[PDB]
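**Student:** part one of the complex, untouched from its place in the assembly:
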Amino acid sequence: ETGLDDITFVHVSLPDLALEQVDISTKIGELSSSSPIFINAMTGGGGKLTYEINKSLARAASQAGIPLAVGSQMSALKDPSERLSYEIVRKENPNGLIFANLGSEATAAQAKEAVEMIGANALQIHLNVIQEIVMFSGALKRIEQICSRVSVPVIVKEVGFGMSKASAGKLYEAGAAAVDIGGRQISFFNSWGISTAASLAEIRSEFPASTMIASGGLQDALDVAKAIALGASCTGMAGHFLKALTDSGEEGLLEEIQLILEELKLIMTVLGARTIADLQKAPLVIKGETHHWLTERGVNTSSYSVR
Amino acid sequence: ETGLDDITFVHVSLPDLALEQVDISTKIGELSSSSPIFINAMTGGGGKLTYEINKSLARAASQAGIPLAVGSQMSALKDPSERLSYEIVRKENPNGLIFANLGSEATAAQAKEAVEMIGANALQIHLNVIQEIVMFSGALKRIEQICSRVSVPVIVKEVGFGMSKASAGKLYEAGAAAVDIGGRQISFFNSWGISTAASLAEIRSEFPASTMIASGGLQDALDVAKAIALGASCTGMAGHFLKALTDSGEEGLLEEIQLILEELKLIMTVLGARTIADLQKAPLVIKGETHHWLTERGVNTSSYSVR
Amino acid sequence: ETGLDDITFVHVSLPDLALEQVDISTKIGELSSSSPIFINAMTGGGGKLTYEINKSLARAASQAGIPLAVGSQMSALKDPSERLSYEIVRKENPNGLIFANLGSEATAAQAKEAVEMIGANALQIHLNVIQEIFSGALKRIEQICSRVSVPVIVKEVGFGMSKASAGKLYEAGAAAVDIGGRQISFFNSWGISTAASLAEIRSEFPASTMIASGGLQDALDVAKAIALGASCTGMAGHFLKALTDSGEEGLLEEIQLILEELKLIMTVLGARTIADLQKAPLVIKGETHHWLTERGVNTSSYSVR
C-alpha cells in the first residue's frame, strides 16, 4: 500500500503534445540519467546463478540505458569469491549508472571497497531498524562518516516503512545526496510506517530542491508517474523485472523495460508534461489516508492541486 | 474499542538507541514506579481461592517490580473474615506499590480503613453511574472528603465510559492525584461514552502536567505505548494477567509480565524514545472517530504530529 | 465447531411430562452417575493455586452430585508436594465419582498409582499423537486397562475419533471413549467433528459407552451430544470461569442452573430419562450429514425413530 492510489492527476483536455516531444531524462543528484526508472537487483542465493542473473540485468540495463542497483555487497566484501558476481555488472555495463549497496552497519572503509568493487556512480545505504530488531545506535554516525569519505553520491534507502521529513532532514544534513523511499512481535508493526506517497509529499515540503527516489510497490507506469509528480526524481523497480528475466531472459526483460518507459511517455503526453520537471509540477489531488496524514503533519495538500 | 487504533506513531528511521538504554520508569503522582504497567486484580468470588489468586499476584508483582491494585475491599470492610484475602497482598509484597480499592459510595472512614488494610500507597475510587443505574448525588462530595482525610494519593477511576476534561477537572480540583481512564434499557448505552484515546487527549489538553492512567482494553505493548504517548503516566492490565495465572501459575504470570515489559522497550527503541517522558512526546497522528471527536471538542490534534 | 449445530431436534407438540418426572441419571460404563454432566478440572500451574482450585472444584462437585475429573497427575507422580493437590479432591469429596488423569505415554504402574492417589472411580487416558509430532501407544493403553480395575476412558483431544479408532480402544479394554473433536498449517481442517464421531462410533457400537467433552456451549449442546449417543458430557472452561468469577457458590449455581436447563429441554422433548433422550428424533444436516453419508453411517434412523 504505497498510498499512490490516493493521488489523482487533474485531467488535461488540451495537452498540446506529441509523444515524440516527451523528454523523460532526469537527475539523481548531480548524476544524469536518461531514464526515471532504474532496476533494483536482488541479492539472491549467491553462487553462479546470482552471477548470471546480474550479468543479464547489467546487459539489459546497458541496452535500455537505465540505471541499475546491485544487491547488498556486504557478503562479497568478506568473501573474495562472491565478489565476481558484482564486478561482472560493471564489465557488462561500462557506460551505465550503477549503484553500490551496503547496510547502515557498513563502515567508511567497506563503503569505499563496495563502490570500488563495481565502479559505482553512487552508493546506496539501506536502513531497517524494525526488521533488524525482530530478527541500533550509531546508524546516523556511520552514514555521516561514509558520506564524507566516498568519492560518489550516497543514497540512503528506507526499506518498507517510509520516511519522515525529520528523518530526511538528518540524512540530507549528514551528507546524503538523496533518499530512497520504500514505504511473535511482528504484529506490532502491522499498521506501522508512512506510505510512499505521504513520505514524498512530506519530505518535499521541507526540502523542495532535494533529490528524492521512490522504489517498491510501483506496480506500473502510472505509479511511477504519481511518485515523480509527488517529487521523486527517479523511481526503482525490482520484482517486476526479476520475473520477466526468469521468463524470457535478457530479450524479455529488455522488452518489459522499453514497454514501461514508453507507457510513461504516454501518460506524460496525456498530461501535457513535456519533461520530468514538468511532471513534477503536474496538478493533482491527494485524498484519503494520505491527505489526512499530510494535513495533520502540517503539509499543504491544495498546493498540489492549484499549481 | 479504546480508540487507540486511531493512533499511529510517526516512524523514526534513525532511532539512535540501544534497547539497553531504554528507561521505562514512571511517576504516578509523587509515587515512583519502575514499570509503566501495573496489575488490576479482580475481586473474584471470595473465599480461599481469592486469597490464593491475590497471594500469587502479589508474589509475581513483587518479583517483576510492578504495581498492583486489589479488587474492591468494600465487602472485606464489613466482613472481618474476608479481610485476610487482601492483607496477604502486603505480606507477600512488602516493598511494592499497591493500590487500595473502594467504590464512590465509600466514606472517608472506610477509605482510611481500606488503605490501612493493605498498607496502600494510593487509593482507587471507581465511579460507575451508568452501571449502578441499570442494575447518584454526593459522589463528588464523598471523593472530596476522602481525598483530604487519607494519608495517600487518590486515583479516581472510571470503568468503561471514559472521562471528559470537565469530569477530570472536577476530580483534580477536588483533590484526586490522578484519574484512571477505562473508556432492558442497557441499549441506551450501546454507543455511549468517550474512548480511552479521546479521553486522554481531552484531559491532557486542559491539564498538561496532571497524572493520567489508562486501563482496560490494552491488548498489548503497542496499546500501552499509544496510551502513554497520549499522556498516560501508567497503564493497567487485568484479564491478560489473570488468565496467564490460572494457566501457568506464578511462574507463568511473571513471564508474561517481563515479556510485555520487554516488548514495550522494543517499541520505544524503534521510536527513539529513551524514557517514558520521551514516549509522551512521540510524534503521532490521530485519525478516524477519535480525530473527529477531538476536533469538535476543541482539542488540537496536529500538535501530536508536529511535535 | 462441534458440528452439533447440524443437529436439530424434531419438535414434540404434546410431550406429556412434568419437570419433576425427568430423570437425568446415566451410566458411564459400569459406573453409575446421577448426572450426565461432569467437571473437567485443569492441571493449571501447580502450586497452592491448583490445590485450592481443585479443592473448590471438589467441594462444589461434591455438593452438586456431579462427577469430577482431575487434570494430569504425571507431575504428582514424581512430586510429593503437588500430590496433595489431588489427594484433597477425595478428602473433600469422599462419596462422589472422581476420574484420575494421565497421558497416553503413562505406564500401567503410573496409571495404577494415579488411581490410588485419589481413590479414582475411573481413569482417563488422553491421546494426541498429533501434538507429539508413537508406536506402542495402543498396547500401552491395553496394559493400563488390564492393570487398573476401574473403567478406563480414553479421551481424544480436538481432532475427533473414527469408528475404527474407537473399536481399537474398545478391544484394548477401554470402558469408554471421550470424544473431544510451520507444519501446524497442515491440521487446520483436520479431524472429525464431535457430532460426526458420536454418530459414526455409535453406528458400529450401539451399546458401547461414549462421552462428549469440549465445545459444549450450553444445556442444548449437552442434549444433542446425548441424543447423538453420548452417555455423559464433560465441561471445563465454563466451570473454571464460574469459579474464578463467583467462587464455589457460583460454580455450584452454574452446575445446577445447567442441569435444570437440561431437564427443561428434555421436558419439551418428552424425554423422561437419559435413555429416552438417546432415542429422540432429530435431523442431521450440513457437513455432518455429508460426512456420515459418505462414511456409510445411516442418518435417517435419527429422524424416523
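**Tutor:** Cool, got the structure. Numbers count the residues shown, from 1 in each chain, chains lettered A, B, ... in the order given.
**Student:** only C-alpha atoms for contact and neighbour calcs from this point on.
**Tutor:** Noted.
**Student:** count of neighbours near the residue in the stretch 51-200 of chain A positioned nearest to chain C?
**Tutor:** Closest residue of the stretch 51-200 of chain A to chain C, Cα to the nearest Cα: residue A:184 (13.3 Å). By other Cα atoms under 10 Å in any protein chain shown, the residues close to residue A:184 number 5.
**Student:** secondary structure element holding it?
**Tutor:** Assigned by DSSP states H and E, residue A:184 belongs to no helix or strand.
**Student:** distance of it from residue A:234?
**Tutor:** For residue A:184, the distance to residue A:234 equals 36 Å [Cα to Cα, to the nearest Å].
**Student:** pretty sure residue A:293 contacts residue B:285?
**Tutor:** Yes: counting by Cα atoms under 8 Å, residue B:285 is a contact partner of residue A:293 at 6.9 Å.
**Student:** longest helix anywhere in chain A?
**Tutor:** Longest helix in chain A, counting residues (DSSP state H): helix A:239-271.
**Student:** got the buried residues for that helix?
**Tutor:** In terms of neighbour count (16 or more other Cα atoms under 10 Å in any protein chain shown), helix A:239-271 has its buried residues at A:239-242, A:244-245, A:249-250, A:252-254, A:256-257, A:260-262, A:264-271.
**Student:** show me what it is packed up against.
**Tutor:** helix A:47-64, helix A:221-230 (3 or more Cα pairs under 8 Å, 6 or more residues apart in numbering or on different chains; DSSP states H and E).
**Student:** beyond the one helix or strand residue A:112 maps to, next helix or strand please.
**Tutor:** If you go by DSSP H and E, residue A:112 is part of helix A:108-118. Sequence-wise, the next helix or strand downstream of helix A:108-118 (DSSP H and E) is strand A:122-127.
**Student:** using CSV, list the CA coordinates for that next one.
**Tutor:** These are the backbone C-alpha positions of strand A:122-127, laid out as CSV (Å, rounded to 0.1, in the frame of the first residue of the first chain):
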residue,chain,number,x,y,z
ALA,A,122,26.5,6.3,-6.3
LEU,A,123,26.3,4.2,-3.1
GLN,A,124,23.1,3.0,-1.5
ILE,A,125,23.0,2.6,2.3
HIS,A,126,19.7,0.9,3.4
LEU,A,127,18.2,1.3,6.8
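**Student:** what residues does it touch?
**Tutor:** The contact list for strand A:122-127 (Cα atoms under 8 Å, 6 or more residues apart in numbering or on different chains) reads A:98-104, A:111, A:115, A:143, A:152-159, B:13.
**Student:** and then chain D:
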Amino acid sequence: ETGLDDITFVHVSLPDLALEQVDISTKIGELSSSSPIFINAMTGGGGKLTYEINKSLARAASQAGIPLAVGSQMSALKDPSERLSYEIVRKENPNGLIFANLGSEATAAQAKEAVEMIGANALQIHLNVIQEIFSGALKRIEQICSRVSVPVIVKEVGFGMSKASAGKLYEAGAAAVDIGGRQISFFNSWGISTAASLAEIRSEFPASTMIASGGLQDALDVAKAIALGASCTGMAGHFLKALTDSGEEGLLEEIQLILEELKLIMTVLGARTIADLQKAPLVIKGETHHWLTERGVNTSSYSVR
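**Tutor:** Adding chain D to the chains above:
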C-alpha cells in the same frame, strides 16, 4: 420463515381456464366454506376497543363470505362485560362460519361454554407447551373433542407440528390441525417450518384436514400452503392492520383483493378448484427438501404428479 420459499410451482404454458371458472371453495373437516382464507381475530386488550374491533372483523367477514376465528375466550368465560365482545361476532355475522378459541388448558365445560357463547361452527384449541415452561394436555384435548359437537381444530403456535403429533391429535378426535410453524436461546432454531409440517403430516394422513396460518405474506403463500396439502389458510396481522388503517371498507377490500389474486395464481396454474390446486406439480428445494428427505417423506411425488 415458513419454508414456503422452498416451494416453486411447475409452470403451465396452457392453463386452459378463465378467471370466471375458478372455484375457491373448500372444506374444513365436515364444514363447508366458500373461502380457503379466514380472519384470525386477536384477543387484544379487552375493553370496548376489542368489542369494536371484533364487531368490525365480524361485519367485514360477513360481507366477504370468509370465516372468522375469535381470540381467546378464557376471559369472557369469567367476565360478563367482556363476553359481549364475542357475542357481538355472531350478532353481526348470523350466517357465517365462526371459530371459538381457547387454550389447551381449557376444560371440556369451558370448551362447550365458549362454543355456545358465539354459536361457533368449529372450535380452536391452541398449543404451546414450550411457553408454559404439561401432562394431560392430550387427554384434555380428547375430552374437549368428545364434549363439543362441532369440529375441533388444534392449533400449534410457531414451532410447527410433526406427523407423530398430528396423528395423536387426530386419534384424540381433532377434526383438523392448524400449523403455525436466558433459556429462550435454546429455541432459536427449534421447530419445523410450516411447509415441512404440511408435507410431513400429509404423507401420513392424505385425507385428514390441515390448516396453515401465520407468516403467509400474500396470495402466493396461500397458494403454496394449499398446494402442499392445506385445506384452508389463516391470516391475522395483515387484516388487523388493514382494519386500523382503513376500517371495515378497507378490510373488506383487502379480503377481496387477496381472494381474487389467489384465483389469478390458480388460473395461471390451470387449477380450477381447490382440490386441483392440491395436486399442482411443484418442486421442493433447500432446507425443506432435506428435512423431508431425512424424515422419509417423498418429495418427487409433488413434482411428478
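**Student:** closest approach to chain D from chain A, which residue is it?
**Tutor:** Counting by Cα to the nearest Cα, chain A gets nearest chain D through residue A:187, at 36.9 Å.
**Student:** number of nearby residues for that residue?
**Tutor:** Residues near residue A:187, counting by other Cα under 10 Å: 10.
**Student:** residue A:219 now?
**Tutor:** Neighbour tally, residue A:219, other Cα under 10 Å: 12.
**Student:** may I see the buried residues of the helix holding residue A:112?
**Tutor:** Buried positions in helix A:108-118, judged by neighbour count with 16+ other Cα under 10 Å: A:108, A:110, A:111, A:112, A:113, A:114, A:115, A:117, A:118.
**Student:** quick one: contacts for the residue of chain A closest to chain D?
**Tutor:** No contacts exist for residue A:187 under Cα under 8 Å, 6+ apart.
**Student:** mind running it again at 10 Å?
**Tutor:** Shown in contact with residue A:187 (Cα atoms under 10 Å, 6 or more residues apart in numbering or on different chains): B:220, B:222.
**Student:** sorry, back to before: and the longest helix of chain A, how far out from the chain's middle?
**Tutor:** 16 Å (Cα atoms, centre = their mean, to the nearest Å).
**Student:** quick one: that helix to helix A:221-230, angle?
**Tutor:** 70 degrees (axes from the mean of the first three to the mean of the last three Cα atoms, to 10 degrees).
**Student:** helix A:239-271 versus helix A:47-64: what angle between them?
**Tutor:** Going by the same axes, to 10 degrees, helix A:239-271 makes 20 degrees with helix A:47-64.
**Student:** that older thread, distance between the helix holding residue A:112 and the chain's centre?
**Tutor:** 20 Å.
**Student:** wait, residue A:173 touches residue A:141, no?
**Tutor:** No: applying Cα atoms under 10 Å as the test, residue A:173 and residue A:141 come out as separate, 11.8 Å apart.
**Student:** looking at those two, which one has more neighbours?
**Tutor:** Between residue A:173 and residue A:141, counted using other Cα under 10 Å, residue A:141 has the larger neighbour count: 14 against 10.
**Student:** and the more buried one, what does it touch?
**Tutor:** A:104, A:107, A:174, B:14, B:16.
**Student:** including neighbour count and distance to chain D, could these go into TSV?
**Tutor:** Output for the contacts of residue A:141, formatted as TSV (neighbours: other Cα atoms under 10 Å in any protein chain shown; distance: Cα to the nearest Cα, whole Å):
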residue	neighbour count	distance to chain D
A:104	23	61
A:107	16	69
A:174	18	68
B:14	24	57
B:16	19	58
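**Student:** chain E comes next; put it on the structure above:
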Amino acid sequence: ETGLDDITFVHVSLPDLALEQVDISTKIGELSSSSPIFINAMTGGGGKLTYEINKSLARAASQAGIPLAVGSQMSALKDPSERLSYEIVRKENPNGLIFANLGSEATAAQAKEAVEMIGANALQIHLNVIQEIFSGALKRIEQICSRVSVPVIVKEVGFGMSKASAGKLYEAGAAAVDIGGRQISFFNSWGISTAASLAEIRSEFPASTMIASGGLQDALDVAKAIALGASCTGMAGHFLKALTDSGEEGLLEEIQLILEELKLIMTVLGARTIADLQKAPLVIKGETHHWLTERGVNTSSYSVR
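**Tutor:** With chain E added, the chains above now look like this:
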C-alpha cells in the same frame, strides 16, 4: 438466468479435429438450415424505421446464410403500409429461411395470411397466458398447425416450458417448441430455466425439435443449449444492437464471428457435427440438477454418455 451456467462440458484432451472439418448445419423440424443460429427480429415501432431495420436484418441474414424470424405481423395483417415492412424481408432474402410471427390469439386464417405475406418457411406462435392476465389457446394452436402447411414453432416467452406443455403442443401438431425461460410480485421466482426445460422436454421426447432463444450470451451458451438438446438457437438483442452500432456490415460480422466461435468450441470438444454436439458429455449442477432430479429427469446420462 438461463441455467446454462449449471452446465459444464467434460473436457476433451484429444479432440482429433480441424476447424475445417466442423459442420454446424442443423435441422429444424423438417426444415434444413446451414446454421444453428438465427436472427430474431423485433417488431419495434412500425413506421419506416422498422421497414429499414427489417430490410437490413434480411440482407445481413441473407448474406450470412442464417435464418431470420420477423416480429409480430398482427399489425400488418390489418395495415397495408406496415405490410410492406415484412414483404421486404422476402424481397431482399429470396432464398433464405424466414419465420413468420403471430400471437397465440391469432386465428388459423391470420396464421395462413401471415405466412403468405413473407413466403415463410415456418411460423412462430408465441405464448404467455401469464401476461394476458385463456381457454381455447391450445385448440387454436392446433387449428393453426393444421391450416398452415409449413412447420409451426410454438415459442414460450421467459417462463420456460415443462415436458407436459411441450407434449401437448406436439400432439397439437407443433413442429417444434421454442424455449425462452402489484400482482407481478407473484411471478418473481416463477418458471423453469431454459436449461431445465430443454433437459426435461428432451427426456420425454428424444427426437422432437426444440429451440432455445433468449438470454444466450455468446457462442458457448449456444453450444450448451444444443448440447442439452436444442436443434437451433435464437438471438435478438445482440444482433439488434450490432445493427444500430455498425449497420449491416457490422451485423454480418457479428453473425460470422459467433458462428466461427461456435465451431471453435466444437473443435475443442471433438464434436464434428451438430448431432455430435448433442451427445457431448457434460455435467449438470446446482439448481438445474436439483430441479431435474426431483422431476425425475436423469442427469447422469449427460455425463456417462
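**Student:** what packs on helix A:239-271 again please, chain E included this time.
**Tutor:** strand A:37-40, helix A:47-64, helix A:221-230, helix A:276-279 (3 or more Cα pairs under 10 Å, 6 or more residues apart in numbering or on different chains; DSSP states H and E).
**Student:** in the second one, what counts as buried?
**Tutor:** Read it as helix A:47-64. Taking 16+ other Cα under 10 Å as the criterion, helix A:47-64 shows A:50-51, A:53-62, A:64 as buried.
**Student:** hmm, which two among those are most spread apart?
**Tutor:** A:50 and A:64 (20.7 Å; Cα to Cα).
**Student:** next up, the contacts around residue A:32.
**Tutor:** A:25, A:26, A:67, A:97.
**Student:** over to the residue of the stretch 1-150 of chain A found nearest chain E: give its phi and psi.
**Tutor:** In the stretch 1-150 of chain A, the residue that lies nearest chain E is residue A:13 (26.6 Å; Cα to the nearest Cα). Backbone torsions of residue A:13, given as degrees, to the nearest 10, read phi -70, psi -30.
**Student:** OK, contacts around it?
**Tutor:** A:270, A:271, A:272.
**Student:** and residue A:49, by the same measure?
**Tutor:** Contact partners of residue A:49, counting by Cα under 10 Å, 6+ apart, are A:55, A:85.
**Student:** just residue A:70 next, same as before
**Tutor:** A:39-43, A:54, A:57-58, A:85-86, A:89, A:98-102, A:118, A:120, A:123-124 are the contacts of residue A:70 under Cα under 10 Å, 6+ apart.
**Student:** skipping adjacent residues, who's closest to residue A:281 in space?
**Tutor:** residue A:229 (6.4 Å; Cα to Cα, 6 or more residues apart in numbering or on different chains).
**Student:** the one you found - how many residues pack around it?
**Tutor:** 24.
**Student:** same check on residue A:143?
**Tutor:** Counted with other Cα under 10 Å, residue A:143 comes out at 25.
**Student:** and if you look at residue A:31?
**Tutor:** 12.
**Student:** please apply the same query to residue A:161.
**Tutor:** 25.
**Student:** which residues touch it?
**Tutor:** Per Cα under 10 Å, 6+ apart, neighbours of residue A:161: A:127-131, A:181-183, A:189, A:191-196, A:199, B:11-13.
**Student:** buried among these? Make that a PyMOL selection.
**Tutor:** In PyMOL syntax, the buried subset of these is picked out as below (16+ other Cα under 10 Å):
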select buried, (chain A and resi 127+128+129+130+181+182+183+192+193+194+195+196+199) or (chain B and resi 11+12+13)
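**Student:** may I see the buried residues of stretch A:278-297?
**Tutor:** Neighbour-count burial for stretch A:278-297 flags A:278-287, A:290-297 (criterion: 16+ other Cα under 10 Å).
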